[PDB]
Amino acid sequence: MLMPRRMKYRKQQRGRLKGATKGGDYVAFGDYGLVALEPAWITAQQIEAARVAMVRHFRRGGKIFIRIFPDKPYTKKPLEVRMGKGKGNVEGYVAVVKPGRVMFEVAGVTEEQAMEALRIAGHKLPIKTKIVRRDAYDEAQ
Amino acid sequence: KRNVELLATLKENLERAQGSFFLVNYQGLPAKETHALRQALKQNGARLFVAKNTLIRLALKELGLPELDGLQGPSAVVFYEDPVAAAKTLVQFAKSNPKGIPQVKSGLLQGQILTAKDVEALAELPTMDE
Amino acid sequence: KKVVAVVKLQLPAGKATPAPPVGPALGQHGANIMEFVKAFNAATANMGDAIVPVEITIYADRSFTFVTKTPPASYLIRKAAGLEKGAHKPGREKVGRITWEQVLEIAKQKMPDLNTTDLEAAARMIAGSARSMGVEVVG
Amino acid sequence: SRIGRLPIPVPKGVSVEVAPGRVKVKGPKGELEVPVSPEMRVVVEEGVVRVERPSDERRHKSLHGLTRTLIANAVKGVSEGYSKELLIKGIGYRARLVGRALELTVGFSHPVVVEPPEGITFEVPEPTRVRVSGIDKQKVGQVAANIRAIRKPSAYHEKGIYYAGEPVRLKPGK
Amino acid sequence: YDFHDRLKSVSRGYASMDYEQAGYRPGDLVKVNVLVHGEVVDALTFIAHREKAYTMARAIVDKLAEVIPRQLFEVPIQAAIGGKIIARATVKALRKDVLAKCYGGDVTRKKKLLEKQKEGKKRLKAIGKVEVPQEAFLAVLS
Amino acid sequence: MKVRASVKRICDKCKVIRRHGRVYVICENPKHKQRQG
Amino acid sequence: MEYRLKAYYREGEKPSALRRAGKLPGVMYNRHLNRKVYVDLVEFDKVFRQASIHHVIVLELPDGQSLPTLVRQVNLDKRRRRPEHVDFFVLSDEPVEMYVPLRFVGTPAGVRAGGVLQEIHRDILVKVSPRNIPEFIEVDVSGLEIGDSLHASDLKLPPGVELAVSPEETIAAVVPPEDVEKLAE
RNA sequence: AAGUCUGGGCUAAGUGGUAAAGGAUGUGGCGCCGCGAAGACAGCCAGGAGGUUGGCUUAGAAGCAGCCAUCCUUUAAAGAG
Ligand SMILES: [Mg+2]
Ligand SMILES: [Mg+2]
Ligand SMILES: [Mg+2]
Ligand SMILES: [Mg+2]
Ligand SMILES: [Mg+2]
Ligand SMILES: [Mg+2]
Ligand SMILES: [Mg+2]
Ligand SMILES: [Mg+2]
Ligand SMILES: [Mg+2]
Ligand SMILES: [Mg+2]
Ligand SMILES: [Mg+2]
Ligand SMILES: [Mg+2]
Ligand SMILES: [Mg+2]
Ligand SMILES: [Mg+2]
Ligand SMILES: [Mg+2]
Ligand SMILES: [Mg+2]
Ligand SMILES: [Zn+2]
């Protein structure tokens, strides 16, 4: 499951989940995207949970383009320890997802098939989602 | 939209390839015993025009745009219209009145008949066979 | 003393053992079940093998009757490409083949059957039997 | 499409008075009464009833049918009349008419006493057929459904009381 | 097995069988061994078809758990033949006690009592010989 | 009778009624019978 | 092929207020002109879903001054995924860089195994005169195994019609197509 | 204490008067394509047929476990379902 092969800083500051996406608000590889409606931190294992459900569903065939990558370390303190004493230790990765974000993209698959894959995938996810089909707006981008 | 152009360019093309057609209510036999009183309706005649089988008020209103004297002997009930003028009929309509008669409960009772270009009646198209 | 019949099966050529379903209704017959391998594998030692269907009917005093048909389009082509089994995964995997005439000479064998009296229509279905098992047709 | 907008015959001779809220529907078999929405318009005509709705708002449009069929149903019932017959499948199972009342003998340590109500007529022709009949349609449909549920059908055995010609589908025991 | 309660319940109690007849077989023998904690139990050892044996194996160990009274460690139940394993059963131990008197709550005092228990849920495993008194009418009867 | 947050249709013979406040699923195959609860 | 759309001019009007009344902000321009214009949403949606940025939307300006334009870019509301404001390039006669759709004519050999034809570009970039807008442009994908790549340097090219983007540019691939049989590793 | 104020919509849950993923023939409103006097949609009454088990598979898979693939005469039509 995805995570930076290496980095510079072990932990990093939480930040804030404000605005709409800075990039990738348009389908740009396949024919069908899953897009994000609320903002949240999507965790390395969720992306994977969602990828798998689609592969399992296509079973042989299609391509899957996943367009969020989890590079934000997510820290936690040991259970039952007290406040202070330092920063938590890395416990996994999220990627930060903000509304209008195209997360996954399937291709070489029947419309019937795709929307049942991209739909299941969206159940794996902690946020609200919308399935869409590479418009023409997205080609003008 | 979207026929009058589809098949209505076909319903009076192979119903007016002469002037001696009929009308029989063809449906009530199983698709094997219905592809038998039709598939063998090419062995009472030439070509391959048994019953044209298509829509009343798309035949009974194709009987106005071809002006075939308005085939008015029966266009209510099931409609198939024996194209007996895209064949070789005469008393080959006998080779289609013992078939769907001496099999099952009245297998294909008839409707209309235009005798050369004259209305050949109902009570008078049945024994134009025997 | 068992009633009349109207039996509808689908039995192969050669393999004629009393083993079912040459029984579950063919015992409602007292069926002369070995009359198959003789009367049938005599005229049909000319095709070779393959499932030639059979419509048998019993009557009052316990006896039968039938007139069978012809072997699959999946047989007459299997011998004409050196093939026992098809290809496991058709459409992409070709093992043996058949020419525009080798497909025509086959319609010749199964013509008193289907429906079309055409050689242009019949062999299409034979040509349709081509891709169905993965055997290619030479252009 | 559409149902209240549909002619109610009045096959002679069958009265159809109109008072507040309720209609009446009289005939040879008997006399009735039907609750109607005061905001539904009733029309007795040249021997043909029909009723009309103020609007196309979901209430009225639905109030239509019900008020139509419910009045219509009365007609066709003082007219001819309503009835269901029944079907006591199952071996030991029997029923004899007793007095005006219906006796069932069906599997239980006591046979069971069904006394009809006003307007219901109990007809036991043979051992295994019960005929319930009358002018109140619902009452019939109802009463006939009491009788059945005094021993509904099994799922493993054709056995029990059944509607006049209702199917049987069963599942295997073992 | 396959035959009697079935044989009829299948046919609705009509029909019948007689086996006199004793031929022999070249087929497959596969017999699976059942192990409790790894202490292979001889009595529960059973003998079946390679496909059936494969099918039975889940039931044996799983049917096991209700059976084996608890011993102080996580307690292996497994079923297998000739060194590969058809089945798994694990029995919980858990002879927990120790934290039951800490309340102040240094996170670390809580850990100390489980460092001695983690040594104890190990030491006891390596010298553990384990038993089951009857109730085999139950596990591996079925 | 099933009871769920997600009542849905299992086959083409299942109908979705809505009685007395609740969303039911009815079907000639009883196993499919549901009540949103 | 080429379309018509009913643009109206606009002045100081508040963009958000146009938007409110189903109208969509824009502005048309070239070497010479540059004028503040608006167009109806639904009108433009239909036209655009059909036209894209390959063909020629003609503009029914509110004075019989009808103009031949190409959509240079549509700006999208990143959030609720609607278009926000178009640009209209007015065509002259000197050749204009723009985008012509691609026709991947044929089914590859890669599928006919299980593969996936990944169409990298669904259009290309070429300087051509506004006379000759080859509204399709086809490619021989038919001879394609898996692990097969196609580059712009193939590609037929009409009259005529210069590739804008350097020939080494990749436009097509057939790719392995997932597999649950993989995965479990 | 002061409007049972004035007009135009919604809501039938006592929602308003304490929550989420998710579910839903609840009820509304605008904009856009569909099939409809070749009579559409819903019940009905017909038919729903052939080479053909499609080859692989397998112990049996014959439209309908699962891999592949998706053709023609009848014709009013009828999916290698
Ligand atoms: Mg989290
Ligand atoms: Mg944290
Ligand atoms: Mg922390
Ligand atoms: Mg801290
Ligand atoms: Mg979700
Ligand atoms: Mg950019
Ligand atoms: Mg405490
Ligand atoms: Mg569920
Ligand atoms: Mg139902
Ligand atoms: Mg829009
Ligand atoms: Mg007051
Ligand atoms: Mg007032
Ligand atoms: Mg009002
Ligand atoms: Mg309240
Ligand atoms: Mg409340
Ligand atoms: Mg709703
Ligand atoms: Zn159902």
# chains A, B, ... in the order shown; residues from 1 in each chain; ligands from 1

call {"tool": "residues_around", "arguments": {"residues": "range 111-125 of chain B", "least_positions_apart": "6", "cutoff": "10 Å", "atoms": "only C-alpha atoms (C1' of nucleotides)", "output": "ChimeraX atom specification"}}
result
/B:18-25,68-85,90-91,93-94,97

call {"tool": "residues_around", "arguments": {"residues": "residue 81 in chain G", "least_positions_apart": "5", "cutoff": "12 Å", "atoms": "only C-alpha atoms (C1' of nucleotides)", "output": "ChimeraX atom specification"}}
result
/A:20-21,24-27,35-37,99-102,130-132,135,137-138 /G:74-76

call {"tool": "write_last_selection", "arguments": {"atoms": "N, CA and C atoms", "output": "CSV table (one decimal), in the first residue's frame"}}
result
chain,number,residue,atom,x,y,z
A,20,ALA,N,-11.4,24.6,-2.2
A,20,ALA,CA,-11.6,23.5,-3.1
A,20,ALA,C,-10.3,23.1,-3.7
A,21,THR,N,-10.3,22.1,-4.6
A,21,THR,CA,-9.0,21.5,-5.0
A,21,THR,C,-8.1,22.5,-5.6
A,24,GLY,N,-6.3,18.9,-10.5
A,24,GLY,CA,-6.9,17.6,-10.9
A,24,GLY,C,-8.4,17.5,-10.6
A,25,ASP,N,-9.1,18.6,-11.0
A,25,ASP,CA,-10.6,18.7,-10.9
A,25,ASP,C,-11.3,18.2,-12.1
A,26,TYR,N,-10.5,17.6,-13.0
A,26,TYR,CA,-11.1,17.1,-14.3
A,26,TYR,C,-10.5,15.7,-14.6
A,27,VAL,N,-11.4,14.9,-15.2
A,27,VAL,CA,-11.0,13.6,-15.7
A,27,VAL,C,-10.0,13.7,-16.8
A,35,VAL,N,-15.3,11.4,-8.1
A,35,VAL,CA,-14.9,12.7,-7.6
A,35,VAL,C,-15.4,12.9,-6.2
A,36,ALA,N,-14.8,13.8,-5.5
A,36,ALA,CA,-14.9,14.0,-4.0
A,36,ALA,C,-15.8,15.2,-3.7
A,37,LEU,N,-16.6,15.0,-2.7
A,37,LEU,CA,-17.6,16.1,-2.4
A,37,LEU,C,-17.3,16.8,-1.1
A,99,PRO,N,-13.0,18.8,-2.2
A,99,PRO,CA,-14.1,18.7,-3.1
A,99,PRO,C,-13.8,19.1,-4.5
A,100,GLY,N,-14.2,18.2,-5.5
A,100,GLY,CA,-14.0,18.4,-6.9
A,100,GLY,C,-12.7,17.7,-7.2
A,101,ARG,N,-12.3,16.8,-6.3
A,101,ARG,CA,-11.0,16.1,-6.6
A,101,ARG,C,-11.3,14.8,-7.3
A,102,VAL,N,-10.8,14.6,-8.5
A,102,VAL,CA,-10.9,13.3,-9.2
A,102,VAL,C,-9.8,12.4,-8.6
A,130,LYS,N,-19.1,11.5,-6.3
A,130,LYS,CA,-20.0,11.6,-7.5
A,130,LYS,C,-19.2,11.0,-8.7
A,131,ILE,N,-19.9,10.1,-9.4
A,131,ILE,CA,-19.3,9.5,-10.6
A,131,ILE,C,-19.6,10.3,-11.8
A,132,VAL,N,-18.6,10.4,-12.7
A,132,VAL,CA,-18.8,11.2,-13.8
A,132,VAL,C,-18.0,10.6,-15.0
A,135,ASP,N,-16.5,14.2,-19.8
A,135,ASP,CA,-17.2,15.3,-20.6
A,135,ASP,C,-16.6,15.7,-21.9
A,137,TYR,N,-15.6,19.4,-21.6
A,137,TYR,CA,-15.0,20.3,-20.7
A,137,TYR,C,-13.6,19.8,-20.4
A,138,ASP,N,-13.5,18.6,-19.9
A,138,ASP,CA,-12.2,18.0,-19.5
A,138,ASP,C,-11.2,17.9,-20.6
G,74,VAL,N,-12.3,26.9,-21.7
G,74,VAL,CA,-13.4,27.1,-20.8
G,74,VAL,C,-12.9,27.0,-19.4
G,75,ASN,N,-13.2,28.0,-18.6
G,75,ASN,CA,-12.9,28.0,-17.2
G,75,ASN,C,-13.9,27.4,-16.3
G,76,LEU,N,-13.5,26.4,-15.6
G,76,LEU,CA,-14.5,25.6,-14.7
G,76,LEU,C,-14.4,26.0,-13.3

call {"tool": "select_by_dssp", "arguments": {"residues": "chain C", "states": "alpha helix (DSSP H)", "output": "PyMOL selection string"}}
result
chain C and resi 35-43+104-107+119-131

call {"tool": "residues_near_ligand", "arguments": {"ligand": "ligand 3", "cutoff": "10 Å", "atoms": "only C-alpha atoms (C1' of nucleotides) and all ligand atoms", "output": "JSON, numbers by chain"}}
result
{"A": [11, 13, 14, 74, 75, 76, 77, 78, 83, 84, 86, 87, 88, 89, 90, 91]}

call {"tool": "write_last_selection", "arguments": {"atoms": "N, CA and C atoms", "output": "mmCIF file, in the first residue's frame"}}
result
data_model
loop_
_atom_site.group_PDB
_atom_site.id
_atom_site.type_symbol
_atom_site.label_atom_id
_atom_site.label_comp_id
_atom_site.auth_asym_id
_atom_site.auth_seq_id
_atom_site.Cartn_x
_atom_site.Cartn_y
_atom_site.Cartn_z
ATOM 1 N N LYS A 11 7.902 13.623 10.504
ATOM 2 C CA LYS A 11 6.522 13.958 10.818
ATOM 3 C C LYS A 11 6.194 15.274 10.159
ATOM 4 N N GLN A 13 3.165 18.848 10.222
ATOM 5 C CA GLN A 13 2.101 19.602 10.878
ATOM 6 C C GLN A 13 0.769 19.338 10.213
ATOM 7 N N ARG A 14 -0.306 19.332 10.987
ATOM 8 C CA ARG A 14 -1.578 18.899 10.448
ATOM 9 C C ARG A 14 -2.120 19.799 9.355
ATOM 10 N N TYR A 74 0.826 10.675 9.198
ATOM 11 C CA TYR A 74 -0.209 10.882 10.191
ATOM 12 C C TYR A 74 0.272 10.285 11.486
ATOM 13 N N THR A 75 0.332 11.114 12.510
ATOM 14 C CA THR A 75 1.100 10.787 13.697
ATOM 15 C C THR A 75 0.183 10.318 14.804
ATOM 16 N N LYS A 76 0.645 9.428 15.666
ATOM 17 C CA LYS A 76 -0.148 9.239 16.857
ATOM 18 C C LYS A 76 0.678 8.893 18.069
ATOM 19 N N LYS A 77 0.087 9.200 19.226
ATOM 20 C CA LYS A 77 0.675 8.991 20.540
ATOM 21 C C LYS A 77 0.300 7.612 20.927
ATOM 22 N N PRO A 78 1.096 7.007 21.800
ATOM 23 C CA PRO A 78 0.761 5.677 22.302
ATOM 24 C C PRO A 78 -0.450 5.766 23.202
ATOM 25 N N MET A 83 -0.623 13.971 28.035
ATOM 26 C CA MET A 83 -0.331 15.092 27.170
ATOM 27 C C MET A 83 1.147 15.500 27.192
ATOM 28 N N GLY A 84 1.612 16.075 26.092
ATOM 29 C CA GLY A 84 2.976 16.564 26.038
ATOM 30 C C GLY A 84 3.973 15.443 25.909
ATOM 31 N N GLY A 86 6.153 15.248 23.785
ATOM 32 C CA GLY A 86 6.683 15.199 22.424
ATOM 33 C C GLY A 86 5.642 14.991 21.335
ATOM 34 N N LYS A 87 6.072 14.898 20.079
ATOM 35 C CA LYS A 87 5.088 14.615 19.023
ATOM 36 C C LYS A 87 4.933 13.125 18.888
ATOM 37 N N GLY A 88 3.726 12.704 18.490
ATOM 38 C CA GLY A 88 3.432 11.304 18.230
ATOM 39 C C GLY A 88 4.406 10.673 17.250
ATOM 40 N N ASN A 89 4.243 9.396 16.976
ATOM 41 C CA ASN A 89 5.119 8.784 15.988
ATOM 42 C C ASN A 89 4.277 8.366 14.798
ATOM 43 N N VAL A 90 4.907 8.293 13.628
ATOM 44 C CA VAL A 90 4.146 8.120 12.409
ATOM 45 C C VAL A 90 3.346 6.850 12.495
ATOM 46 N N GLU A 91 2.100 6.902 12.054
ATOM 47 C CA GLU A 91 1.281 5.714 12.099
ATOM 48 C C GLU A 91 0.672 5.331 10.761
#

call {"tool": "closest_residue", "arguments": {"among": "A:103, A:40, A:79, A:66", "to": "chain E", "atoms": "only C-alpha atoms"}}
result
A:79

call {"tool": "select_by_dssp", "arguments": {"residues": "range 26-73 of chain A", "states": "strand (DSSP E)", "output": "short mmCIF file (atom, residue, chain, number, x, y, z; two decimals) with N, CA, C and O atoms, in the first residue's frame"}}
result
data_model
loop_
_atom_site.label_atom_id
_atom_site.label_comp_id
_atom_site.auth_asym_id
_atom_site.auth_seq_id
_atom_site.Cartn_x
_atom_site.Cartn_y
_atom_site.Cartn_z
N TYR A 32 -14.04 7.39 -17.03
CA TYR A 32 -14.88 7.52 -15.86
C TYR A 32 -14.12 7.82 -14.59
O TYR A 32 -13.30 7.01 -14.16
N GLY A 33 -14.42 8.97 -13.97
CA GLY A 33 -13.86 9.32 -12.68
C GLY A 33 -14.80 9.18 -11.48
O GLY A 33 -16.03 9.21 -11.59
N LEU A 34 -14.19 8.98 -10.31
CA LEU A 34 -14.89 9.17 -9.05
C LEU A 34 -14.42 10.51 -8.49
O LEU A 34 -13.21 10.78 -8.44
N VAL A 35 -15.35 11.37 -8.10
CA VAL A 35 -14.92 12.68 -7.63
C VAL A 35 -15.40 12.91 -6.19
O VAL A 35 -16.32 12.23 -5.74
N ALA A 36 -14.76 13.85 -5.49
CA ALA A 36 -14.88 14.00 -4.04
C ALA A 36 -15.77 15.16 -3.70
O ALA A 36 -15.66 16.22 -4.30
N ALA A 40 -11.47 15.71 3.19
CA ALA A 40 -11.06 14.88 4.31
C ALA A 40 -9.67 14.36 4.04
O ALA A 40 -9.08 14.66 2.99
N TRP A 41 -9.15 13.62 5.01
CA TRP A 41 -7.90 12.93 4.81
C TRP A 41 -8.21 11.50 4.41
O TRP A 41 -8.81 10.75 5.19
N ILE A 42 -7.83 11.11 3.19
CA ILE A 42 -8.04 9.73 2.78
C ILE A 42 -6.76 8.91 3.01
O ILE A 42 -5.67 9.29 2.59
N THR A 43 -6.92 7.78 3.70
CA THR A 43 -5.80 7.04 4.25
C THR A 43 -5.34 5.89 3.36
O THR A 43 -6.17 5.17 2.80
N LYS A 63 -8.21 -0.51 -16.98
CA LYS A 63 -7.07 0.08 -16.29
C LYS A 63 -7.63 0.87 -15.15
O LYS A 63 -8.78 1.28 -15.20
N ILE A 64 -6.83 1.07 -14.12
CA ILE A 64 -7.27 1.90 -13.03
C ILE A 64 -6.26 3.00 -12.82
O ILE A 64 -5.09 2.72 -12.60
N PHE A 65 -6.69 4.26 -12.92
CA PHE A 65 -5.84 5.39 -12.62
C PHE A 65 -6.26 6.00 -11.28
O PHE A 65 -7.41 6.42 -11.11
N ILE A 66 -5.32 6.05 -10.34
CA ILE A 66 -5.57 6.58 -9.00
C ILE A 66 -4.79 7.86 -8.83
O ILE A 66 -3.57 7.88 -8.98
N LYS A 72 1.26 12.50 3.26
CA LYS A 72 1.20 13.27 4.49
C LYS A 72 1.27 12.25 5.61
O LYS A 72 0.38 11.42 5.73
N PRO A 73 2.34 12.29 6.43
CA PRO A 73 2.41 11.34 7.53
C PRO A 73 1.36 11.68 8.54
O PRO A 73 1.03 12.83 8.70
#

call {"tool": "residues_near_ligand", "arguments": {"ligand": "ligand 5", "cutoff": "7 Å", "atoms": "only C-alpha atoms (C1' of nucleotides) and all ligand atoms", "output": "PyMOL selection string"}}
result
(chain A and resi 122-129) or (chain H and resi 21)

call {"tool": "write_last_selection", "arguments": {"atoms": "N, CA and C atoms (P, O5', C5', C4', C3', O3' and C1' of nucleotides)", "output": "PDB file, in the first residue's frame"}}
result
ATOM      1  N   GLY A 122     -16.539   3.908  -3.889  1.00  0.00           N
ATOM      2  CA  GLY A 122     -16.974   5.082  -3.148  1.00  0.00           C
ATOM      3  C   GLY A 122     -17.567   4.741  -1.797  1.00  0.00           C
ATOM      4  N   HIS A 123     -17.887   3.468  -1.620  1.00  0.00           N
ATOM      5  CA  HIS A 123     -18.397   3.010  -0.345  1.00  0.00           C
ATOM      6  C   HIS A 123     -17.248   2.746   0.569  1.00  0.00           C
ATOM      7  N   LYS A 124     -16.122   2.359  -0.016  1.00  0.00           N
ATOM      8  CA  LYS A 124     -14.924   2.121   0.770  1.00  0.00           C
ATOM      9  C   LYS A 124     -14.531   3.434   1.454  1.00  0.00           C
ATOM     10  N   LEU A 125     -14.609   4.524   0.684  1.00  0.00           N
ATOM     11  CA  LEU A 125     -14.215   5.882   1.085  1.00  0.00           C
ATOM     12  C   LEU A 125     -15.018   6.550   2.229  1.00  0.00           C
ATOM     13  N   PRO A 126     -14.329   7.392   3.030  1.00  0.00           N
ATOM     14  CA  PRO A 126     -14.900   8.097   4.191  1.00  0.00           C
ATOM     15  C   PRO A 126     -15.708   9.346   3.845  1.00  0.00           C
ATOM     16  N   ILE A 127     -15.711   9.749   2.573  1.00  0.00           N
ATOM     17  CA  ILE A 127     -16.395  10.963   2.141  1.00  0.00           C
ATOM     18  C   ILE A 127     -17.483  10.668   1.135  1.00  0.00           C
ATOM     19  N   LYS A 128     -18.121  11.737   0.651  1.00  0.00           N
ATOM     20  CA  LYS A 128     -19.202  11.662  -0.332  1.00  0.00           C
ATOM     21  C   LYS A 128     -18.645  11.817  -1.721  1.00  0.00           C
ATOM     22  N   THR A 129     -19.281  11.167  -2.675  1.00  0.00           N
ATOM     23  CA  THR A 129     -18.661  11.043  -3.978  1.00  0.00           C
ATOM     24  C   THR A 129     -19.662  11.210  -5.119  1.00  0.00           C
TER      25      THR A 129
ATOM     26  P     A H  21     -25.104  11.363   5.866  1.00  0.00           P
ATOM     27  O5'   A H  21     -24.311  10.055   5.449  1.00  0.00           O
ATOM     28  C5'   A H  21     -22.992  10.172   4.960  1.00  0.00           C
ATOM     29  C4'   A H  21     -22.304   8.857   5.090  1.00  0.00           C
ATOM     30  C3'   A H  21     -22.830   7.771   4.177  1.00  0.00           C
ATOM     31  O3'   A H  21     -22.241   7.845   2.903  1.00  0.00           O
ATOM     32  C1'   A H  21     -22.693   6.935   6.353  1.00  0.00           C
TER      33        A H  21
END

call {"tool": "residues_near_ligand", "arguments": {"ligand": "ligand 14", "cutoff": "10 Å", "atoms": "only C-alpha atoms (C1' of nucleotides) and all ligand atoms", "output": "PyMOL selection string"}}
result
chain H and resi 13-17

call {"tool": "write_last_selection", "arguments": {"atoms": "C-alpha atoms (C1' of nucleotides)", "output": "PDB file, in the first residue's frame"}}
result
ATOM      1  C1'   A H  13     -43.380  14.661  10.021  1.00  0.00           C
ATOM      2  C1'   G H  14     -46.064  17.560  16.078  1.00  0.00           C
ATOM      3  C1'   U H  15     -40.704  17.798  10.903  1.00  0.00           C
ATOM      4  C1'   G H  16     -40.368  22.418  13.293  1.00  0.00           C
ATOM      5  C1'   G H  17     -38.937  21.012  19.189  1.00  0.00           C
TER       6        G H  17
END

call {"tool": "residues_around", "arguments": {"residues": "residue 139 in chain G", "least_positions_apart": "4", "cutoff": "7 Å", "atoms": "only C-alpha atoms (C1' of nucleotides)", "output": "mmCIF file with N, CA, C and O atoms, in the first residue's frame"}}
result
data_model
loop_
_atom_site.group_PDB
_atom_site.id
_atom_site.type_symbol
_atom_site.label_atom_id
_atom_site.label_comp_id
_atom_site.auth_asym_id
_atom_site.auth_seq_id
_atom_site.Cartn_x
_atom_site.Cartn_y
_atom_site.Cartn_z
ATOM 1 N N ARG G 103 -9.221 9.741 -34.538
ATOM 2 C CA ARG G 103 -10.022 8.555 -34.802
ATOM 3 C C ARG G 103 -9.117 7.346 -34.736
ATOM 4 O O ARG G 103 -8.300 7.112 -35.625
ATOM 5 N N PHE G 104 -9.240 6.573 -33.669
ATOM 6 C CA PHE G 104 -8.440 5.374 -33.563
ATOM 7 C C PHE G 104 -9.187 4.310 -34.330
ATOM 8 O O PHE G 104 -9.980 3.554 -33.760
ATOM 9 N N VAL G 105 -8.957 4.294 -35.643
ATOM 10 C CA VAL G 105 -9.646 3.376 -36.544
ATOM 11 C C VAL G 105 -9.089 1.957 -36.425
ATOM 12 O O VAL G 105 -7.913 1.689 -36.724
ATOM 13 N N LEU G 155 0.989 8.633 -38.059
ATOM 14 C CA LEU G 155 -0.075 9.626 -38.182
ATOM 15 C C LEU G 155 -0.179 10.262 -39.592
ATOM 16 O O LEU G 155 0.742 10.947 -40.048
#

call {"tool": "residues_around", "arguments": {"residues": "range 13-17 of chain F", "least_positions_apart": "4", "cutoff": "8 Å", "atoms": "only C-alpha atoms (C1' of nucleotides)", "output": "VMD selection string"}}
result
(chain F and resid 8 to 9 23 to 29 32) or (chain H and resid 25)

call {"tool": "residues_near_ligand", "arguments": {"ligand": "ligand 12", "cutoff": "10 Å", "atoms": "only C-alpha atoms (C1' of nucleotides) and all ligand atoms", "output": "NGL selection string"}}
result
:H and (3-6)

call {"tool": "residues_around", "arguments": {"residues": "residue 66 in chain B", "least_positions_apart": "4", "cutoff": "9 Å", "atoms": "only C-alpha atoms (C1' of nucleotides)", "output": "NGL selection string"}}
result
:B and (12-13 or 16 or 61-62 or 70)

call {"tool": "write_last_selection", "arguments": {"atoms": "C-alpha atoms", "output": "compact mmCIF listing (two decimals), in the first residue's frame"}}
result
# COMPACT_ATOMS: atom_id res chain seq x y z
CA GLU B 12 -47.28 -1.87 -50.45
CA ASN B 13 -44.20 -2.82 -52.48
CA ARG B 16 -48.68 -4.51 -54.97
CA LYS B 61 -53.93 2.28 -44.45
CA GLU B 62 -51.40 0.99 -46.95
CA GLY B 70 -59.48 -0.62 -49.72

call {"tool": "residues_near_ligand", "arguments": {"ligand": "ligand 8", "cutoff": "12 Å", "atoms": "only C-alpha atoms (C1' of nucleotides) and all ligand atoms", "output": "ChimeraX atom specification"}}
result
/F:2-10,32,34,36 /H:22-23
